[PDB]
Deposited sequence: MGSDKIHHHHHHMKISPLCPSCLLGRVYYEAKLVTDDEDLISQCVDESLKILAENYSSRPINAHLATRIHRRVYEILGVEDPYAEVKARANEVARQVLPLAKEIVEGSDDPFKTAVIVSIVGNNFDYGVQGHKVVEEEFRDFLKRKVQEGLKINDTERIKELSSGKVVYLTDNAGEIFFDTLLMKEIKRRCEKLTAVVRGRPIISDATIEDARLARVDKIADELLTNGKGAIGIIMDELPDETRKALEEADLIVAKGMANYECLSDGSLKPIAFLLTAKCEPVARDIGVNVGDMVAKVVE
């Protein structure tokens, strides 16, 4: 709730300098927080803020830079997957941490990723994930940049599965990957189907799903869900949550410490 409000201020400042608009964003956000952070609430708040700002994608540039760095280093990430003793687990780790990397940069990322692999998963259900990947799999993405790293795990999954369906956001909201991000990363060449969550909610809002996507989720033999908002919406089974616990609330919910990497299957 606090972070959200800071994030509203940040977004507004990405778009505009009009203090009237910026304060209108923050003030209208305060009003909504006071009346009712949930996925439905954060979504409702960002949408209202974008409406006040008259913007479609305030994070357009910030997402592009994440895509750019991901593109630069992905061949190296592949090297580490292909070269590891357990490619599937290493692909999981890469999908979780690749976009956590801090801004040549190619050498630094090699160190970062090798360090995260040494630390490993605090919760490591990757063998079970691998097992369940033989069925119809739905891969629910999170951010731009990150979606480039997700392609590595999709290829691994693609070795076993009956079918792979990727889901992205139907409209830009914060740094979430949209269908264009998925095309940049060539998700449409790897996955058998590429779908949206509808009007582009943070997390999943069942009411907003297109019928094709809802069906794919219900019929899935495994859902792979990236990040915190997805976890908080979907805790539909079996589901694997791949994420870093970046906050106390999420960490306590999952049963790890902050900063821990998680690949958790709720069977």
Seminar exercise, completed: Coverage holes, deposited numbering, ordered by position, sit at 1-19, 56-60, 128-133, 266-268
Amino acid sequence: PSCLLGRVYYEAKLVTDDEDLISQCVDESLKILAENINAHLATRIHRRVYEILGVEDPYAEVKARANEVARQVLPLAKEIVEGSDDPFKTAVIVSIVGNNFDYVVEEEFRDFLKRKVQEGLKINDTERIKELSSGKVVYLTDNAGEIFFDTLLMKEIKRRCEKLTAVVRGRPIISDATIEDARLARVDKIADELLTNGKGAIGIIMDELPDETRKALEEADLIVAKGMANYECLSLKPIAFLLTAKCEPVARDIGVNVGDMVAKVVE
From here on, numbers count along this sequence of modelled residues.
Exercise. Which has the higher mean CA temperature factor in the PDB entry, 104-112 or 170-178?
Worked result: 104-112
Problem set entry | Lowest, middle or highest third - CA B-factor, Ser134 | highest
Problem set entry | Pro58 CA temperature factor, ranked by third within the chain | lowest
For this session: Compare the C-alpha B factor of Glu28 with those of the other modelled residues in its chain, then answer lowest, middle or highest third.
Result: highest
Problem set entry | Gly200, C-alpha B-factor rank within chain (lowest, middle or highest third) | highest
Exercise. By its CA B factor, does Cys233 count among the lowest, middle or highest third of the modelled residues in the chain?
Worked result: highest
